[PDB]
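This report refers to the structure that appears directly beneath it.
So that the names make sense, note that chain A is the first sequence line, chain B the second, and so on, each numbered from 1. Any value given below was found using the heavy atoms of this structure, including those in side chains, with hydrogens, waters and symmetry copies removed.
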Amino acid sequence: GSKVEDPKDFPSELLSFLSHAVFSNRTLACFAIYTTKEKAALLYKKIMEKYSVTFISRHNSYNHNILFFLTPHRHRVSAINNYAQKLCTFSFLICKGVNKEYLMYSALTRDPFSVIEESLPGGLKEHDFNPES
Amino acid sequence: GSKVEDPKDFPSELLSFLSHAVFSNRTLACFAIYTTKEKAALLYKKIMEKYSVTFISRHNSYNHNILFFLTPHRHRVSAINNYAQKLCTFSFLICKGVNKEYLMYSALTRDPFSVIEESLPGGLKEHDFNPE
DNA sequence: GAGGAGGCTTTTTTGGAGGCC
DNA sequence: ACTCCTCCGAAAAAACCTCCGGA
Ligand SMILES: [Ca+2]
Ligand SMILES: [Ca+2]
């Protein structure tokens, strides 16, 4: 059952990068979703369409997957979560706002994580999280 | 006079990394100071002692300097500012909490910025802002 | 949900052109 | 030897009010 089998949070390696105030009124434009591989593969396209994302990437996380995305306008975390939870009503799903957007994405590119697919060829680099010059 | 001559904020390249809510009750453990070179050189040591910093670095920023530091316990920005402003009562000084600690320090190491001195040999790397 | 920022809304300034619709 | 009609739309200024949210 879920209490025994499901993760209750993101992997510990990533927690310092996230907002844990999942009910906050402070809107954001960078989010992460932790879920099953089956679900993450479907959600990748759905998120991309629903939120007209500037950028999305899907990452391996041992048996499971993580989505990382950036939106053109800001949203409450509870809004993103509600959309994601209602699409598929089986299995776990953890949704959190990302405070350290570069560090998050960058860690998701390296052991124990890796990129499965992303919406821009070559992905992102530290430069892209600096102001445009 | 100050209104004509002094910077009123950090350089624009760095603003997205900082908290602008300088009067906030929110405590933090990463701060930056923008001031003159002669003030920054003295403050480097004073900060290090007053706040028992885990790390501090002084950076060139065109004619002026920026201090970047990390503290072992959290403080209000106003507390750090109040200490810094009262030490030397001449010239400008801008103090702000840092939201994007790695991006801030990393940008302070590259053109147009550079490291003048720092409290650990070799400084910091992205690995250091990940969990141990 | 304070209080500042910035934007929608409204008023004031402005000046080209009217003359029995 | 030197300051006057009016109407109405556009544009500029000012006022106010919504938005985000102790970031
Ligand atoms: Ca001073
Ligand atoms: Ca709040």
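With both distances required under 3.5 Å, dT11(C) does not pair with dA14(D) in Watson-Crick or G-U wobble fashion. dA13(D) and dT12(C) are not base-paired: they meet neither the Watson-Crick nor the G-U wobble geometry with both distances under 3.5 Å. Taking 3.5 Å as the upper bound for both contacts, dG6(C) pairs with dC17(D) in Watson-Crick or G-U wobble fashion. Entry note: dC4(D) and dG7(C) fail the pairing test, Watson-Crick or G-U wobble at under 3.5 angstrom for both distances. Judged by Watson-Crick and G-U wobble geometry, where both atom pairs must sit under 3.5 Å apart, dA17(C) and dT6(D) count as a base pair.
Of all nucleotides in DNA chain D, those with any atom nearer than 4.0 Å to a heavy atom of chain A start and finish, going 5' to 3', at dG21(D) to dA23(D).
No side-chain donor-acceptor contact under 3.5 Å links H59(B) and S61(B). Remark: the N25(A) side chain and the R76(A) side chain contain an N/O donor-acceptor pair separated by less than 3.5 Å. No hydrogens or angles considered: a donor-acceptor pair under 3.5 Å links the side chains of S91(A) and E38(A). For the residue pair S114(B) and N60(B), no side-chain donor N or O sits within less than 3.5 Å of a side-chain acceptor on the partner.
Nucleotides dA14(D) and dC8(C) have their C1' atoms positioned 13 Å apart, rounded to a whole Å. The same atom, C1', is picked in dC8(D) and in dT12(C); the two are 14 Å apart, to the nearest Å. The gap from the P atom of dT14(C) to that of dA15(D) amounts to 16 Å, rounded to the nearest Å. Between the P atoms of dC20(D) and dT9(C), the separation comes to 16 Å (whole Å). Separating the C1' atom of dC17(D) from that of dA2(C) is a span of 15 Å, rounded to the nearest Å. Taking the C1' atom of each, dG9(D) and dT13(C) are spaced 13 Å apart, rounded to whole Å. Straight-line distance between the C1' atoms of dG1(C) and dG21(D): roughly 7 Å, to the nearest whole Å.
Nearest heavy-atom pair across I33(A) and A84(A) is CD1-CB, 4.0 Å.
Stacking of the bases of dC7(D) and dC8(D) is indicated, with six-membered ring centres separated by less than 5.5 Å and ring planes inclined by less than 30°.
Residue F23(B) contributes atom CZ, which lies 10 Å from atom P of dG4(C) at whole-angstrom precision.
Here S24(B) lies in heavy-atom contact (under 4.0 Å) with sugar-phosphate atoms only.
In this view, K100(A) and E101(B) satisfy the side-chain hydrogen bond (donor to acceptor under 3.5 Å, both in side chains) rule, not counting sequence neighbours.
Put simply, the residue from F129(A), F17(A), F68(A) that forms a ring pair (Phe, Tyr, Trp, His ring centres under 6.0 Å) with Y102(A) is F129(A).
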